[PDB]
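Trainee: Return atomic coordinates for the entry below.
(one chain, ligands or ions: 1)
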Amino acid sequence: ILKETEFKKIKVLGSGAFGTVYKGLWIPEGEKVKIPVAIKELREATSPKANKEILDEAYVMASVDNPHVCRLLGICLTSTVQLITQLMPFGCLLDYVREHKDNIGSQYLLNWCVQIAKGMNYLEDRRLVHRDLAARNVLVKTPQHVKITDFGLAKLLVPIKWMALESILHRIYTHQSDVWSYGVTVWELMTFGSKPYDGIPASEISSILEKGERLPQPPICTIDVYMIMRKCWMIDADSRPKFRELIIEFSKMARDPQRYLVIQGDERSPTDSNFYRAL
Ligand SMILES: *CCC(=O)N1CC[C@H](n2cc(-c3ccncc3)c(-c3cccc(OCc4ccc5c(c4)CN(C)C5=O)c3)n2)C1
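Mentor: Numbering: from 1, shown residues only. Right below this line is the structure:
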């Protein structure tokens, strides 16, 4: 809980179902420096009880660090709450894959799959369920390092095309329904940011899933990769993969990436890679 007077919103970065994200500046009290931060200002007013719930839930998730999960760094208790996290200059992975649609290699796509599975497995080990995993909620720290944002905002504050059937029908959320959203997240990556079930209304999604219909195989995917996605969308939650199995599977694929993804010109920066690490 920090003083609102210390944070200044300077530029809009985007928005989600709960708020507007800004690139902000932190000016510590007594100081003249401006430290860049990311601020999400919630659209709806919230009760002090709901603010305490956000802080408590963030305190438990952030008790231990995980390199692939964003932690809530601070909060400003204004008219509407302002959540503060580390600024990710590269924005979200959904926008990143759309921008680099002609320059993304199989090695990067497969590593991002491992990283998201590692961040999701960390939440599962802590018995925490995200409820809103999507490529828009995976942020890019560097092209080699992605992190999941917005943990717990869904439960505390509806993305039908990312939800497991049991979640659509009964608002049931488990680690296995997060696995279903992981499959959809992978499908967005593998199609370079396509919209799932494009042209199908959200009201028809449950029935479409009930008939056996699923997202199609992205052109770059071998059957081995698509089969893992399909298993994430099994009606029976217990038949879907576990995040630790997904980690193993995608990590195996990442060690020989051209055997699992076929991308045009895949075979074609070392200094930038080194500098990203050093910085
Ligand atoms: C590309 C899609 C897009 O535009 N988005 C807007 C919504 C979502 N997003 C992006 C960012 C962001 C952008 C740049 N740098 C950093 C972050 C955020 C964001 C911004 C500020 C604060 C945020 O807090 C998320 C958070 C993290 C942990 C926890 C909670 C909330 C609540 N809780 C209990 C936690 O443990 C997120 N949002 C993509």
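Trainee: switch to C-alpha atoms for all contacts and neighbour counts from now on
Mentor: Noted.
Trainee: what about residue 1, distance to residue 30?
Mentor: Computed as Cα to Cα, to the nearest Å, the residue 1 to residue 30 distance reads 18 Å.
Trainee: can you check residue 266 too?
Mentor: Distance from residue 266 to residue 30, counting by Cα to Cα: 52 Å.
Trainee: out of those two, which sits in the busier spot?
Mentor: Counted by other Cα atoms under 10 Å, residue 266 and residue 30 do not tie: residue 266 has more neighbours, with 15 against 7.
Trainee: Is it correct that the more buried one is in contact with residue 107?
Mentor: No. Using Cα atoms under 8 Å, residue 266 is not in contact with residue 107; the gap is 9.0 Å.
Trainee: close enough to count as contact, residue 163 and residue 177?
Mentor: Yes. Residue 163 lies in contact with residue 177 (Cα under 8 Å); the separation is 7.0 Å.
Trainee: can you count the residues close to residue 76?
Mentor: Other residues near residue 76 number 20, with proximity taken as other Cα under 10 Å.
Trainee: nope, residue 184 is what I was after
Mentor: 26.
Trainee: Thought residue 136 was touching it, still the case?
Mentor: No. In this structure, residue 184 is not within contact of residue 136 by Cα under 8 Å, at 11.5 Å.
Trainee: Show me which residues of the stretch 51-200 of the chain are close to the ligand?
Mentor: Proximity of the stretch 51-200 of the chain to the ligand is confined to 54, 57-58, 61, 70-72, 83-88, 91-92, 95, 136-137, 149-153 under the rule Cα under 6 Å from any ligand atom.
Trainee: Filter those down to just the ones in helices.
Mentor: Counting by DSSP state H, those place 54, 57, 58, 61, 95, 153 in helices.
Trainee: Skipping its backbone neighbours, what lies nearest the second one in space?
Mentor: The one in question is residue 57. Distances taken as Cα to Cα, 6 or more residues apart in numbering put residue 152 closest to residue 57, at 7.4 Å, once the chain neighbours are dropped.
Trainee: Could you report the distance from the one you found to residue 140?
Mentor: As judged by Cα to Cα, residue 152 and residue 140 stand 19 Å apart.
Trainee: Which one's more surrounded, the two?
Mentor: Using other Cα under 10 Å as the criterion, residue 152 and residue 140 rank with residue 140 on top: 23 against 17.
Trainee: The residue of the chain positioned farthest from its centre: which element?
Mentor: Largest separation from the mean C-alpha position in the chain: residue 30, at 36.1 Å (Cα atoms, centre = their mean). Residue 30 belongs to no helix or strand when assigned by DSSP states H and E.
Trainee: And the helices in the chain?
Mentor: Under DSSP H, the chain gives helices at 48-61, 93-99, 106-125, 153-156, 165-170, 175-190, 205-210, 223-232, 243-254, 270-278.
Trainee: how about those helices in TSV, adding distance to residue 5?
Mentor: Output for these, formatted as TSV (distance: least, Cα to Cα, whole Å):
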stretch	distance to residue 5
helix 48-61	19
helix 93-99	31
helix 106-125	33
helix 153-156	25
helix 165-170	40
helix 175-190	37
helix 205-210	45
helix 223-232	46
helix 243-254	42
helix 270-278	33
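Trainee: Return the most buried member of these.
Mentor: Most buried of the helices of the chain, by mean neighbour count (mean count of other Cα atoms under 10 Å): helix 175-190, with a mean of 25.
Trainee: which helices and strands sit right next to that helix?
Mentor: Counting contacts by 3 or more Cα pairs under 8 Å, 6 or more residues apart in numbering; DSSP states H and E, helix 175-190 is packed against helix 93-99, helix 106-125, helix 223-232.
Trainee: which residues touch the closest residue to residue 175 other than its chain neighbours?
Mentor: Spatial nearest neighbour of residue 175, excluding adjacent residues (Cα to Cα, 6+ apart): residue 129 at 5.7 Å. Counting by Cα atoms under 8 Å, 6 or more residues apart in numbering, residue 129 touches 123, 152, 173, 174, 175, 178.
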